[PDB]
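Quick notes on the structure that follows.
As a convention, Cβ positions derive from the backbone with ideal geometry for all residues, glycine included, and neighbour counts pool all protein chains shown. Here, each number is a calculation from the coordinates, and none is a lab measurement.
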Amino acid sequence: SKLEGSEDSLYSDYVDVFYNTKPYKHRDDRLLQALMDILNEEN
C-alpha cells in the first residue's frame, strides 16, 4: 500500500491525482455529478 515509513493517508489523495494515468473505471455516482452539476449553476 505504501512500502515506506509513513502512517495514515493524508497525501496519497492529492498525489493520487498525478499518480493515476489509466482512465478506464466506470461509476454510478459520476452521472450524479453531471446531473447535479447543472443545478449547482443555479438551484
Query - Value of [θ]222 nm, deg cm²/dmol, for the chain, DSSP H segments ≥ 4, -39500 (n - 2.57) each, nearest 500 - result: -15500 deg cm²/dmol
Query raised in the report: Whats the longest run of the chain with zero chymotrypsin sites (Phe, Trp or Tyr not before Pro) that are DSSP loop and have at most 10 other Cβ atoms within 10 Å?
Result: 25-43
